[PDB]
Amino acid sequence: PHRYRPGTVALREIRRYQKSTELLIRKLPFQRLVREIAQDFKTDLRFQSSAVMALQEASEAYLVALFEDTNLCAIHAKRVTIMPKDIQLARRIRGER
């Protein structure tokens, strides 16, 4: 019977993910979400497959950068745990509101 202490695998994963460049969201799920949002704007649309890839690259880079900012807001508050209020602080300072 064996166990890593909480935080050990987490750090392992940080090093792993910061090392690679592959998209971290599953392709089909992400694609359904795009098609749904678009359909709500306009019916009977097609997407070139690189259009979807573009969005996905853009969305993952947006979300990763937002998490670094969020992480900095948590750390500022003397925590190591990101919370919805950290994200909200980031987005307000970023002028997304």
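If you superpose the two forms and keep the largest set of C-alpha atoms that fall within 1.5 Å, you have the rigid core. For every residue, the number given is its place in the sequence shown, counted from 1.
Here the rigid core sets the fit, and in 4 other deposited structures of this protein the C-alphas of 36-44 stray farther than those of the other stretch, out of 67-75 and 36-44. Look at the C-alpha B-factors of 36-44 and of 61-69. On average they run higher in 36-44.
In this PDB entry, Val9 carries a Cα temperature factor that places it within the highest third of its chain's modelled residues. In this PDB entry, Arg97 carries a Cα temperature factor that places it within the highest third of its chain's modelled residues.
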